[PDB]
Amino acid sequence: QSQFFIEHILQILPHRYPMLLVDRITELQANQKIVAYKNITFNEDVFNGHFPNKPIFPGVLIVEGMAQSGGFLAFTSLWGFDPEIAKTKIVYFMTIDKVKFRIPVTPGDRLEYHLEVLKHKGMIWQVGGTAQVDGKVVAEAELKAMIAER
């Protein structure tokens, strides 16, 4: 497909509350790129501690959302939307590089992940891109993952 909602995302990723950080897929081009996003609301538990009276979505969780997006891209590229096969795979994330945070993310923001395949050799996938809020780059990162059996 091209558009995947939360119910579809749930069938592909093993992630669940409170670590499923991708609400909807707006664009998906097999083996090339994925545009998705996660809404940022105050009503999230992480905001209880990050930080009191100063709600700021954790930079490491922006990268996690990006990794998740990359993982969905990789998986669908190999087997498409296949819930059955999804249950038998795992995407190990081996490395993270060139991460830069330019603007803080906060409640009310629509955190949009933009990832593209940088390299794919065998079970290894290298993805990179940015996270954006209303058109502006809020962060960037590269990630390398390996695909294996669960």
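Residue numbers run from 1 along the displayed sequence. Definition used throughout: the rigid core is the maximal C-alpha set that superposes within 1.5 Å between two forms.
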{"query": "Higher C-alpha RMS shift from the shown form in 7 other deposited structures of this protein - 101 to 109 or 84 to 92, rigid core fit", "finding": "84 to 92"}
{"query": "Farther-lying stretch by C-alpha RMS in 7 other deposited structures of this protein (rigid core fit) among 10 to 18, 122 to 130", "finding": "122 to 130"}
{"query": "Stretch with the higher entry mean CA B-factor, where the candidates are 39 to 47 and 111 to 119", "finding": "111 to 119"}
{"query": "Greater mean Cα temperature factor according to the PDB record, 52 to 60 or 85 to 93", "finding": "85 to 93"}
{"query": "Chain third (lowest, middle, highest) by recorded CA B-factor, residue given as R24", "finding": "middle"}
{"query": "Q126 by Cα B-factor - lowest, middle or highest third of the modelled chain", "finding": "highest"}
